[PDB]
Amino acid sequence: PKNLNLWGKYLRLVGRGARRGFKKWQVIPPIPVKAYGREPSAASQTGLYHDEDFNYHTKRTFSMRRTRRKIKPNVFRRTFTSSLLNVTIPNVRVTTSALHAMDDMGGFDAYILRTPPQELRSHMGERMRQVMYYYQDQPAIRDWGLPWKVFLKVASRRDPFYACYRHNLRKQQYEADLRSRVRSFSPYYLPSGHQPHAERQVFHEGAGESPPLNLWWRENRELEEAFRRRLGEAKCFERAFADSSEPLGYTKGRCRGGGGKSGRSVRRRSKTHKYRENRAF
Amino acid sequence: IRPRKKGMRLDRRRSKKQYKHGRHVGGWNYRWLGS
Amino acid sequence: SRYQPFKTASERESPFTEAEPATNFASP
Amino acid sequence: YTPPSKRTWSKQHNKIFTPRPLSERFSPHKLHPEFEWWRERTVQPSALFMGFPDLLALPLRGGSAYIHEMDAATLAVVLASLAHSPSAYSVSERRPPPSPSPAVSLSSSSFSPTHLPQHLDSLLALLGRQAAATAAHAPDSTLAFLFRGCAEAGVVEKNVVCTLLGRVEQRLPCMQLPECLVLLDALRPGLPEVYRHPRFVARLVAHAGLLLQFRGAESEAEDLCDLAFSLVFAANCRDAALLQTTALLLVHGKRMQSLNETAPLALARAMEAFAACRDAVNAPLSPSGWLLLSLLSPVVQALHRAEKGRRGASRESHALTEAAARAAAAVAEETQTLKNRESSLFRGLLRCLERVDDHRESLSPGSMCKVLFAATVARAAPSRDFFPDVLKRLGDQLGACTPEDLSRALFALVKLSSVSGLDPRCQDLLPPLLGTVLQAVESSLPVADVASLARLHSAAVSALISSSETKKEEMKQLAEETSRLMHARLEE
Amino acid sequence: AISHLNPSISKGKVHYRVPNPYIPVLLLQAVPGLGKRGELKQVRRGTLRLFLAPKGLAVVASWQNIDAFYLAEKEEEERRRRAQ
Amino acid sequence: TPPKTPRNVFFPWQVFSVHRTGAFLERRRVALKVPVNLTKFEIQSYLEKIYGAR
Amino acid sequence: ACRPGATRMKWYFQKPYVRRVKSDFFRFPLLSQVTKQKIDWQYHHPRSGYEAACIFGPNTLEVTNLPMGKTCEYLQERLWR
Amino acid sequence: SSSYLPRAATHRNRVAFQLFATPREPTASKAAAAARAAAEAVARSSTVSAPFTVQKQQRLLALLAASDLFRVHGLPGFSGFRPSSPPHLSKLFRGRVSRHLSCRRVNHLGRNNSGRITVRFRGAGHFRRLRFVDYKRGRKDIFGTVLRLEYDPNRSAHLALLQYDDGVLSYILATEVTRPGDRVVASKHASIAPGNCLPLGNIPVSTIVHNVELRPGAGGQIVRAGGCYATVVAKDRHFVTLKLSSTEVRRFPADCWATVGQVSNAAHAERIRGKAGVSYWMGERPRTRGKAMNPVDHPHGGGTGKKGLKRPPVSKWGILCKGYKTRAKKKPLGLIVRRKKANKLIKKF
Amino acid sequence: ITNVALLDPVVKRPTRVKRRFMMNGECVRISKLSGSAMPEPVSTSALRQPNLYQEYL
Amino acid sequence: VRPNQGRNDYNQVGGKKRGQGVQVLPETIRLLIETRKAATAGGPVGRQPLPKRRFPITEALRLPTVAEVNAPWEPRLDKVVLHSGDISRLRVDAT
Amino acid sequence: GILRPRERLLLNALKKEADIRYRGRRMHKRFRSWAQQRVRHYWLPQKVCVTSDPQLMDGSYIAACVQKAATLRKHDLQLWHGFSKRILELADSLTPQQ
Amino acid sequence: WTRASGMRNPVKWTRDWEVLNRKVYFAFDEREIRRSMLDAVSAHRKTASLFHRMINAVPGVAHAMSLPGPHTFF
RNA sequence: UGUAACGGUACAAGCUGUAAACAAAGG
RNA sequence: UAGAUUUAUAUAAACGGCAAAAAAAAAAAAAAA
RNA sequence: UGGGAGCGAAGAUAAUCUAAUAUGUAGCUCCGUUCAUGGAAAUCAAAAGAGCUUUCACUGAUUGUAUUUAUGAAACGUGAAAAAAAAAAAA
RNA sequence: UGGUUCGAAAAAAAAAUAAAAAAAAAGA
RNA sequence: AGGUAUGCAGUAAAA
RNA sequence: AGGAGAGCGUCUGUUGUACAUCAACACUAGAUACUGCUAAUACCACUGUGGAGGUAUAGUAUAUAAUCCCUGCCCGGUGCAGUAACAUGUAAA
């Protein structure tokens with residue numbers, strides 16, 4: 001038959017009834033998405049997954065019990081440096097196929113610029129290509145080095161100066177809010193300069209007399225404010241967390257035994273079960 | 001429907017499902033004004 | 001998999017680390 | 001399951017996609033309730049700048065501007081956009097042709113597209129009123145930017161300027177040197193005199209002096225260069241003490257490391273200011289000459305770096321050419337008193353002249369006059385095409401010159417008229433240029449300054465001594481008129 | 001490139017084998033232990049991705065790069081002869 | 001529901017009618033049926049300008 | 001069935017443009033000799049045809065008459081070859 | 001929990017600094033000179049260098065033990081209720097925690113973001129405030145005075161209100177021998193006295209420490225509960241070995257900081273509640289036994305009349321809970337030198 | 001017809017056209033966006049083109 | 001207690017609600033102004049041999065009159081001009 | 001949550017006393033209107049700075065500055081004597097409105 | 001659900017006069033104050049400037065006046 | 001587009017929009 | 001097509017990343033529709 | 001939308017039960033129906049030939065798959081319907 | 001006297017409602 | 001121990 | 001619902017609204033087991049949340065229970081621990 005580069009060779013010329021009656025559970029191994037003719041997923045369109053994406057496979061046993069299971073793609077979170085975009089791009093979700101394609105093309109920029117839409121299979125990649133061409137048209141905006149997603153939308157492209165202004169304004173608002181919260185939760189408290197003496201218990205006998213307080217921060221109001229802000233910058237502790245950017249990072253599965261709550265058959269989340277709990281996707 | 005589920009649900013008119021049926025006073029095959 | 005490291009130590013005898021560099025031109 | 005085909009195997013996501021209506025299947029002969037034909041749409045503005053409708057698109061397309069809703073930062077940005085050579089090509093198009101737009105080009109044009117600059121007078125008045133309104137809520141830097149932007153865009157309404165002056169005088173003590181420089185930028189020659197309120201200028205100069213006296217450590221070299229430039233020109237100051245303090249902070253303030261990294265154009269402007277105010281520097285080689293050398297060396301180093309290295313680069317190349325021209329002009333006046341191949345002055349001057357020779361086109365009319373003056377003072381020539389190719393463009397751009405530029409050009413032409421060895425094209429070009437320059441100088445005599453008058457008198461005397469065979473009567477008349485004008489201005 | 005035959009399915013994830021982890025590259029500079037300039041060497045994709053290309057020591061052996069190298073060498077030879 | 005009152009009217013449409021109450025009202029008081037959307041200032045200005053009532 | 005990928009491409013025959021009323025610029029605007037498209041003075045800017053020179057340098061060629069039914073990337077590769 | 005400061009402020013794997021500086025001098029060079037002078041002054045004042053052991057702790061405790069007008073006149077209080085001791089004699093402050101150094105506690109009640117119960121047997125309890133205790137001791141080479149000792153409802157140990165010499169107030173964990181009027185400092189030049197904080201590399205062997213950092217500058221995480229302490233066993237250039245309260249021997253980087261002494265309130269374990277109501281106040285809920293339920297509700301349930309477990313003990317989720325190890329086998333031991341064994345084996349050997 | 005819209009003579013965007021009548025009875029079509037009168041429709045003489053599909057049929 | 005506790009937007013940092021009085025850094029304004037200023041640099045192409053003054057001047061004898069402005073298209077109102085602009089910049093015999 | 005009985009009693013008594021304090025506080029507010037009127041149709045639409053140099057002021061500017069200062073209670077002797085000096089200088093050029 | 005407050009407080013307080021008398025006792029005699037004596041002195045520093053200055057400038061006085069022992073300061 | 005709420009109209013499953021059933025006779 | 005024609009129907013989509021509030025700084029941030 | 005795409009059940013038949021059937025059905029999400037689907041052979045076939053794609057009838061409930069229940073508009077082919085290939089190097 | 005309004009604190013939206021009608025030249 | 005009578009921003013202390 | 005006693009649960013509590021108010025459940029406490037912190041365990045979108053902004057005098061799991069005296073023998077079996085696997089250990093497993 002024709003289209004030997006795509007799946008379905010022995011279905012192409014068997015008849016209409018067989019094509020309509022084909023049973024998916026007949027296929028045990030996953031078929032590549034491009035050859036199958038499957039719609040790209042939202043995760044793939046937000047990342048650079050090339051030939052990889054969510055798939056399905058069937059489990060068949062000697063008893064002839066069949067079962068189909070969804071299987072997720074093998075994706076990593078990696079950082080790239082782009083000369084065409086004049087910025088580092090943190091935490092792009094990429095795959096092995098995408099990485100090999102970048103190697104073939106000659107790097108990240110070449111892969112984004114030259115790959116045809118069918119092979120690239122990434123709307124995010126298409127948008128990056130658009131931003132690269134826009135930067136080529138308008139180099140002065142490229143000199144700013146803003147994150148590439150600032151110009152993802154066409155309206156931001158039409159109004160670059162407002163895009164940069166709004167980006168900086170929102171960044172400053174975020175910084176001020178975070179600074180205020182950290183100051184509120186700081187472990188160091190400086191009382192007023194007119195009443196620095198806090199309530200104390202009776203000093204244990206034999207304790208040496210405490211020296212008079214040195215209020216060096218009362219010479220100038222500017223010095224006082226700077227010292228107060230510096231004290232507000234302090235933190236009680238710093239926490240460790242799972243981070244793939246760290247060489248020794250790791251994540252967690254389930255308990256060693258492998259059991260479950262007695263009498264409970266937990267149903268896994270789906271698009272028709274717990275579909276929109278706490279977040280969209 | 002209670003506040004937590006309301007905060008995550010979306011309004012009916014935020015999609016196109018309203019225009020994909022032909023329900024009307026005369027039946028289920030509405031012919032819109034102006035055909 | 002209670003412990004799920006991001007990087008798994010590579011195996012010595014896996015075919016991936018032992019595959020042949022192949023040939024530039026098949027004819028010669 | 002339908003196996004894919006050549007035309008069908010590639011698909012897009014139902015919601016994250018590139019819209020391509022040409023290929024998307026559609027049935028235009030049917031009613032589509034999803035599009036809500038009955039519902040009327042809102043006509044949004046077709047061009048926006050800084051989040052508001054672009055004022056450069058209103059003369060052609062109309063629509064409201066919402067100027068009264070603009071805050072101080074947006075207003076300052078808009079004032080800068082209107083003041084700094086606005087082009088209607090910066091406006092956004094609607095469904096444009098696939099080919100690139102003229103906005104990509106960085107080159108200036110000799111014609112204003114899509115409307116005259118004066119077609120925005122009403123919007124300029126509205127912007128001035130809104131600036132007067134918002135002046136009370138702006139931070140110090142934004143307020144200084146508003147002041148300078150109004151001055152540059154040409155807001156002239158006297159009540160508006162009075163309110164702006166009041167606010168600026170109120171908040172002057174809270175401003176650092178960079179904001180003082182921004183404010184001084186509003187006093188440049190050619191801007192409206194309403195902003196040059198003498199008391200405000202005196203207060204600004206005093207505050208800058210205090211800033212230098214108590215914060216000289218924090219001052220950057222480029223900031224000091226700009227301050228000297230503004231003091232000599234923007235504020236028309238005789239503050240020999242302040243200028244000398246700036247020069248000392250530039251030279252002996254452990255500033256040699258910063259002098260190398262500061263932009264060459266700022267150094268060129270600073271040395272121009274020092275050359276203008278030499279007498280102040282040489283007060284209780286000359287110290288002015290040492291200052292000129294110290295400022296010149298980094299410019300020559302930048303020239304050497306560029307030559308060794310040999311759209312973005314065009315701007316820096318133009319800036320470097322302007323810096324070279326200004327530095328050469330500044331050095332020429334000092335060399336007038338030296339008359340020797342000084343170990344470094346003459347050599348840096350020659351290198352700047354070579355840069356000018358390789359970048360003659362980039363020169364503005366002031367640059368052309370400056371470079372002609374420098375070459376004639378030095379009695380040198382970077383090449384044999386220099387003088388003819390520069391005289392041609394000087395004649396083509398005579399109309400845009402100022403009295404200072406005309407005095408420099410007349411000095412150069414008087415010097416050149418006495419040279420026996422000249423090219424045929426130079427001989428042909430000279431007399432017409434001399435006549436036109438003399439006419440322009442005579443016309444613009446009442447607006448010339450003291451330095452321009454002195455240069456013109458020197459040129460007239462030199463011509464009388466050596467060029468008595470070309471327009472001799474006009475040169476005697478010019479000499480007498482310059483003497484009388486200088487006497488009057490000295491009495492003033 | 002990956003191969004879609006006999007993948008490893010575990011933890012709900014799919015991992016695909018890489019039968020051929022090698023790619024040809026053109027050497028733009030002398031790399032001690034790899035080759036001289038202008039050679040076409042089979043290297044490992046990781047080696048190209050993380051060392052050679054970032055350090056500017058080699059580039060993928062595309063027809064564009066091969067032709068560019070060839071033409072540049074020819075131009076340099078002609079420049080030598082012009083200088084002589 | 002009723003059209004909002006413009007800043008300048010020139011042609012008021014509002015009907016002020018006398019209402020006969022079954023309750024008691026003082027000597028200097030009178031009850032009127034009026035559109036729901038009118039304010040006390042609007043009512044007072046309407047009566048003082050169209051009738052001259054104090 | 002689903003939204004079309006780059007494998008599905010369509011184009012339509014272009015009707016030659018005739019200014020049926022020569023004086024009616026609102027309904028029959030002049031074509032531009034540069035862009036070979038109707039002039040839209042309201043929403044377009046004049047193009048000299050040399051704009052791409054400022055982007056790609058003096059050693060640049062403009063190629064015209066490229067066909068339909070092909071990806072821009074495929075055509076770029078073919079033209080490079 | 002995560003209901004306090006956001007992730008962006010709380011999470012940082014690698015801390016780039018260990019000295020929270022608050023210089024007073026106008027320039028960086030003068031700030032460095034002042035820091036050197038302060039370090040030298042701390043070194044000069046430091047005299048004690050011998051290890052601080054269990055026996056020395058006992059001696060100090062013995063020394064501390066060896067070493068009608070004050071009321072509200074005319075105030076007849078409650079009929080029966082009275083404080084156990086007046087404010088001028090109580091060991092703890094008897095007042096209120098500083099408002100500027102604490103906030104209201106967000107009571108999750110054992111439920112996660114899904115709203116389901118994940119931590120069983122939790123109750124409302126008494127209202128509590130979270131107080132911001134300096135686990136880092138970031139301020140170095142500045143002496144502070146312990147003004148008072150305070151109760152903490154979320155923590156088994158006592159807190160101490162430290163007033164630095166410049167007036168800054170903070171809360172730190174109190175040591176078993178910490179008393180009002182004590183002088184404390186954090187520095188590498190500090191003497192080996194209880195309450196002082198030093199890098200593990202500057203603390204002699206056999207010394208007793210608490211509030212140990214796993215990562216330098218990230219704040220102490222190990223040995224916090226009342227009465228707990230760890231012992232310094234061995235020291236090398238890069239690592240210091242500690243024996244922990246669980247009988248675990250583990251290595252720590254020599255740059256990780258720690259505080260000398262035992263954690264205060266060693267008598268916590270001696271408390272007797274006497275009734276279900278005390279635990280109810282503390283925030284507990286009744287624990288129903290697995291074998292008291294139906295077979296659908298627990299593996300041990302079912303059976304007419306009372307019965308035994310009928311199998312080796314397992315939890316609600318079918319996991320052996322008596323002797324079955326749960327640490328991940330593949331997870332590397334890292335700096336752990338030796339981890340404890342079962343208590344029966346420990347006490348029988 | 002719903003897939004198509006009239007164009008304002010000044011703004012050249014989709015508009016709505018209303019018929020107004022003067023005292024003499026002259027009718028004027030006015031566009032909402034700019035208030036401009038609509039230009040007179042192009043004449044049949046200018047618009048005419050042969051319908052070759054009907055000849056083919 | 002808090003129905004929206006777990007949402008991605010719960011207790012989010014920043015926002016226009018809490019950032020009412022926050023301005024962009026002055027460096028951002030400087031950057032925008034300089035980018036606008038440097039967008040039209042270049043050499044002086046085109047010739048201006050004569051001076052025909054930093055602000056443009058309009059000549060009154062070239063403006064169309066009311067009659068011309070109102071005249072229909074072709075393939076006392078003649079001596080009156082209605083001009084929108086700056087009278088201080090108009091070039092007229094008398095004002 | 002729960003409170004210790006002493007704390008319960010003390011806070012309950014505080015709440016009761018707060019309620020009674022509010023009731024006592026509002027007793028004499030017979031002529032306190034939540035709806036209040038403010039006159040602003042005399043305020044000019046132009047903006048002025050009151051401390052601007054008088055020598056740059058005209059009648060229209062100085063009149064507005066004087067009225068604004070009176071409204072804002074900026075009773076500064078130096079400012080108002082400068083106002084007097086400038087107004088006497090400008091006596092010839094004031095309209096009835098100014 | 002209701003938003004009534006102030007004089008329309010929906011809280012069902014007790015009307016028992018004896019209980020309200022006990023409430024008075026708890027609210028006035030047994031009220032708890034956070035601030036300290038030096039806090040009050042600082043609050044009134046403008047009227048008691050000399051004694052505020054002495055308390056802050058004489059060593060030991062602040063320590064003596066900040067001790068837990070119930071004190072009366074004139 | 002469709003529907004509805006109020007209002008007017010015989011206080012209505014009709015009609016209708018504060019111009020709430022009617023302008024057709026204007027420089 | 002003589003005029004007039006209130007209010008609701010959460011609409012910058014006559015439009016384009018997805019994603020709360022028809023479109024929300026980068027990142028955290030997760031997708032078969 | 002018993003048309004097309006994705007995910008995807010059980011009640012029922014197998015006289016329990018498994019496969020298979022039900023069925024790629026129901027629900028859910030997305031296209032929006034001749035101006036559509038699809039498509040001008042690296043096709044099918046035999047050593048003769050057909051000639052993109054599409055619809056109907058026959059071949060035939062045949063050859064098949066399921067191997068207790070059933071499913072199966074199979075392929076080639078035959079008779080019809082409709083018929084198309086490609087305006088187009090610029091002007 | 002309350003609601004409204006600021007805070008708690010909320011698109012956690014009470015269809016036909018508002019300090020809520022294209023948003024300052026406002027003509028004092 | 002919510003907010004009280006020229007009103008918008010805005011820091012500290014507290015019966 | 002008094003005086004004198006026995007049984008079961010120590011006790012105050014919870015409890016099937018509308019056939020079970022009990023000897024059933026919980027309980028103060030004594031034990032055992034796991035867990036070195038991105039802890040274990042739980043939720044099962046999993047670089048997320050509760051645990052806990054806690055750190056072995058802590059948290060989780062399973063018995064037995066408050067006070068006094070006691071709590072015998074068995075590791076052959078099963079499970080678990082231990083070791084490369086054995087040996088061997090562990091019954092308040």
Side-chain angles (χ1 to χ4, degrees), chain A residues 2 14-17 23-24 39 41-43 46 54 64 70 90-91 123 127 147 149 152 167 170-171 192 240-244 251 255 266 269 271-272 280-281, chain B residues 3 6-7 14 32-33, chain D residues 14-16 19 27 29 33 38 41-42 44 66 68-69, chain F residues 1-4 13, chain G residues 1-2, chain H residues 1 4 7 108 110-114 116 118-119 154 156 221-222 224-228 244-246 248 250 268-269 273-276 286 288 290 292 312-313 315 320-324 326 336, chain I residues 5 14 19 21 23 27, chain J residues 3-4 8-9, chain K residues 14-15 18 32 36 42 44-45, chain L residues 3-4 6-8 31 33 35 39 43:
Chain A
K2 330 177 173 179
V14 48
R16 307 167 278 187
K23 293 296 208 330
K24 303 183 255 162
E39 287 156 86
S41 274
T46 36
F54 289 85
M64 293 276 84
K70 187 183 72 174
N91 286 114
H123 178 78
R127 293 279 179 154
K149 284 191 176 176
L152 193 161
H167 182 69
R170 289 283 184 269
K171 196 166 138 274
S192 165
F241 60 105
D243 192 2
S244 83
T251 70
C255 64
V266 173
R269 86 164 48 265
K271 286 203 197 304
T272 37
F281 55 88
Chain B
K6 260 175 83 167
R14 284 297 280 310
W32 290 70
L33 191 63
Chain D
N14 234 123
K15 263 143 148 38
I16 316 180
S27 56
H29 65 292
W38 55 82
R41 269 72 164 174
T42 312
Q44 311 304 340
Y66 304 91
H68 62 277
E69 301 282 38
Chain F
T1 303
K4 190 174 271 213
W13 52 261
Chain G
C2 321
Chain H
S1 64
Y4 312 97
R7 172 170 203 120
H108 294 281
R111 289 144 166 93
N112 77 335
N113 59 356
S114 181
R116 304 222 189 160
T118 61
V119 194
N154 315 283
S156 175
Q221 300 177 68
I222 311 308
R224 279 193 189 167
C228 295
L244 309 171
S245 326
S246 63
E248 207 217 56
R250 181 183 170 123
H268 173 48
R273 293 175 173 176
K275 55 200 217 186
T288 302
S315 59
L320 296 163
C321 49
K322 219 151 274 290
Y324 186 95
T326 63
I336 294 169
Chain I
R19 273 188 155 92
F21 283 76
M23 308 279 216
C27 163
Chain J
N4 305 330
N8 293 18
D9 47 62
Chain K
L14 264 169
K15 259 61 179 172
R32 175 253 294 136
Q36 284 219 333
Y42 300 84
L44 304 170
Chain L
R3 288 284 288 178
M7 304 288 280
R8 295 183 189 276
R31 185 136 163 283
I33 310 303
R35 67 170 187 175
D39 274 339

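In what follows, chains are A, B, ... by sequence order, proteins preceding strands, each numbered from 1. Atoms considered below: every heavy atom in the structure, side chains included; atoms not considered: hydrogens, waters and symmetry mates.
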Can you tell me if the side-chain N/O atoms of [X] get under 4.0 Å from OP1 or OP2 in [N]?
X        : N      : answer
D:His68  : P:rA25 : yes
H:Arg116 : R:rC44 : yes
F:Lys4   : N:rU6  : no
H:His268 : R:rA58 : yes
A:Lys2   : O:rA40 : yes
H:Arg7   : R:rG48 : yes
H:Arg224 : R:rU55 : yes
H:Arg273 : R:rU28 : no
H:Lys275 : R:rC27 : no
H:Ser1   : R:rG53 : yes
A:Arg127 : N:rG17 : yes
A:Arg16  : O:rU55 : yes
H:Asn113 : R:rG50 : no
H:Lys322 : R:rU32 : no

(request) Answer yes or no for this row: A:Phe54 ring on N:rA32 base, centroids under 5.5 Å, planes under 30°. (result) no
(message) With the stacking rule set at 5.5 Å and 30°, tell me whether F:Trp13 counts as stacking on M:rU18.
(response) no
(request) On RNA chain P, check which nucleotide each of K:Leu44 and L:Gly6 is closest to and give me the residue with the more 5' one. (result) L:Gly6
Which part of the nucleic acid does [X] contact within heavy-atom distance under 4.0 Å: base, sugar-phosphate only, or nothing?
X        : answer
H:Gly227 : base
A:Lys24  : base
G:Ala1   : base
B:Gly7   : sugar-phosphate
D:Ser27  : sugar-phosphate
A:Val14  : sugar-phosphate
H:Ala225 : sugar-phosphate
A:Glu39  : sugar-phosphate

